[PDB]
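A short write-up of the structure that comes next.
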Amino acid sequence: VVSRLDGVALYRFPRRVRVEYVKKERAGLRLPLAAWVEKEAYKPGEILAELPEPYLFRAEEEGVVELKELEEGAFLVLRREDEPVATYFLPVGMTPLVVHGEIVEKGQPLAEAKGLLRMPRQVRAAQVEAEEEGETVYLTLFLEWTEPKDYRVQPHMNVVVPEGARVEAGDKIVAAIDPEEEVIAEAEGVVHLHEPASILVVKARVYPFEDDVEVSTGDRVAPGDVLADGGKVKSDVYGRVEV
Amino acid sequence: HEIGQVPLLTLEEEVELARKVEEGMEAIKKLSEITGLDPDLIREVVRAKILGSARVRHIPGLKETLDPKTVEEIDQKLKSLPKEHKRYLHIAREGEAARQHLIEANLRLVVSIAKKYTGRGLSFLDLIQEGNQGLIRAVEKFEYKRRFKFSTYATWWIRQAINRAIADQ
RNA sequence: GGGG
DNA sequence: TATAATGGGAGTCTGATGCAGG
DNA sequence: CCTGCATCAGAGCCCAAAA
Ligand SMILES: Nc1nc2c(ncn2[C@@H]2O[C@H](COP(=O)(O)OP(=O)(O)OP(=O)(O)O)[C@@H](O)[C@H]2O)c(=O)[nH]1
């Protein structure tokens, strides 16, 4: 598809809504000392440490493994009974040696770390607290990342939420004929629109507004006419109002 | 040639327009409560601004001569509403806009029904115009929730209109 | 279609 | 008032005048 | 400027005229 005219491209019917949910969690890691680069925070992609020879990251608790894998990098979570006893963060360059739902004992290797290990592209490190014991450092990492989830929109459904919107738990994203099949926002996240049915190219100007808008849809407008927000935003081109 | 200039609706497009018309009707009902006006009077005032200045006339049943003075007076009371009330004005306007498009996109359906009714004493175009009259009735009564395609419901109202036309004129 |  | 239905069928010869065209 | 060229409005009277 190649567009034939200048203007604003508009999404018609997104078939797939992807919600990137916001997660902020505190997870730990242990590394040698002669191998980690000291920083108080890590931007995504930043190198955390460099190991001369492979190092075996070991369990500091006994439990069953709940493995949660990101795009790159991993989370590993030990729980006894159902109470979580540990949260470990495995950066890139660290290969899990355990599988989901596996029993581990104190001291057994969870992951091999070889060479340069760096932050994954989707996950950050806010505050970094450290402790020094023997020849190793244990990082208490305050990590922030977004986990994607896709929702399918059917022909009788309409998306009620814009590209880039902020939702809390309970917010409606897609609406449908009957109460089931509705898409309700699971928790805090940001919204992205994908796979539109067609793209409508309109020759038009876009004038965003925060507060109440004084012109309603269908009104005709000339350059200088006040649009919304008590006179702050006003019209440039000659044209027809779409609210 | 003129009907062939409005593209036919996609299942999505059909449901979208139908949805906006229903919500708009509900909006006008609510706007009546809030404002203390008449639902029909509001609807004709809302409708006036969508089509433009071209069509302004007294409407049989409306309490006010529906001249530019009264539609400005009444529109200014509607645009003087608080943000949470004024959202319903925007809904009604967009409801009327979608109605226009919905009607226009289904005109070819009327032709295919009317061509079968030729030879009964009304000219082909007379049959189309009466057929179009039923289509307008059908757009106002359509309930999109039933998941039926529009063509199914319209046909009953269009067939009804032509047959009444032949019997009356 | 026929009369002048 | 609700499966869905979306673009039609059909018939000479004269002179005067106001019109798009080498 | 002039000429092809079309679109239009003309084409006798009276009587039966058996629909
Ligand atoms: N205008 C007109 N006159 C007719 C018509 N039919 C018959 N006539 C009359 O028929 C008459 C013909 O008369 P003829 O008998 O031919 O007159 P003629 O010149 O003396 O010819 P001969 O009697 O043979 O010598 C004319 O006077 C006409 O008025 C008609 O249809 N129209």
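No lab work stands behind these numbers, since they all come straight from the coordinates. Don't worry about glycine lacking a Cβ; one is built from the backbone with ideal geometry, like all the others, and counts go over all protein chains shown.
Among B:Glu14, B:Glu84, B:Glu44, the residue with the largest mean-square fluctuation in a Gaussian network model of chain B, with springs joining Cα atoms closer than 10 Å, is B:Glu84.
Here the contact order of chain B, divided by its residue count and restricted to Cα pairs under 8 Å and six or more residues apart, works out to 27 percent. Other protein chain C-beta atoms within 10 Å of residue C-beta, averaged over B:46-58: 1. Note on chain A: dipole from Cβ charges, positive end direction compared against A:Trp36, A:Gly239, A:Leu48; the farthest Cα belongs to A:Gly239. Overall, the protein assembly as shown carries a charge dipole of about 2940 debye about its Cα centre when +1 sits on the Cβ of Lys and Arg and -1 on the Cβ of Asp and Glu, all other atoms neutral. Report note on the peptides A:174-181, A:3-10: ranked by the mean count of other C-beta atoms within 10 Å, highest first, their order is A:174-181, A:3-10.
Amide H contacts of A:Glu188 (H built 1.01 Å from N, in plane; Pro and chain starts excluded): A:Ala169 sit under 5 Å, all sequence-distant by 5 or more or on other chains.
Close amide H contacts of A:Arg12 (hydrogens built in the peptide plane, cut-off under 5 Å, sequence separation of 5 or more or a different chain): A:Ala197, A:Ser198, A:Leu200. Peptide B:83-95 is shielded by partner chain Cβ atoms: per residue, an average of 3 of them sit within 10 Å of its Cβ. Using the Cβ-Cβ distance between A:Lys172 and A:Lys24 with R0 set to 22 Å, the FRET efficiency works out to roughly 0.35. Hey, which of these cross-link pairs are over 24 Å Cα-Cα: B:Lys49/B:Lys77; A:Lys39/A:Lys149; B:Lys29/B:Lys86; B:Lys30/B:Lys77; B:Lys29/B:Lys77? In this structure, A:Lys39/A:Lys149 exceed 24 Å between Cα atoms.
Database remark: amide H of A:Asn158 closer than 5 angstrom to the amide H of A:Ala175 (H placed geometrically; neighbours at sequence offset of 5 or more, or on other chains; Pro and chain starts carry no H).
Between A:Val2 and A:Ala222, the modelled labels are 4.1 nm apart [label points 7 Å from Cα along Cα→Cβ]. Per residue of peptide A:151-159, the mean number of Cβ atoms on other chains within 10 Å of the residue Cβ is 3.
Shape of chain A from the C-alpha gyration tensor: prolate (a/c of 1.5 or more and a/b above b/c, with a ≥ b ≥ c the square roots of its eigenvalues). Which angle from 0 to 90°, rounded to the nearest 10, does the C-alpha axis of helix B:11-35 make with the longest principal axis of chain B? The angle comes out near 40 degrees. In the protein assembly as shown, the DSSP-assigned H stretches of four residues or longer account for a calculated mean residue ellipticity at 222 nm of -9500 deg cm²/dmol, using -39500 (n - 2.57) per stretch and the full residue count as denominator. Taken one residue at a time, the phi angles of the range A:127-142 give Karplus couplings (6.51, -1.76, 1.60, θ = phi - 60°) of 8, 10, 9, 9, 10, 10, 9, x, 9, 10, 10, 10, 8, 9, 9, 9 Hz. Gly and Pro are set to x.
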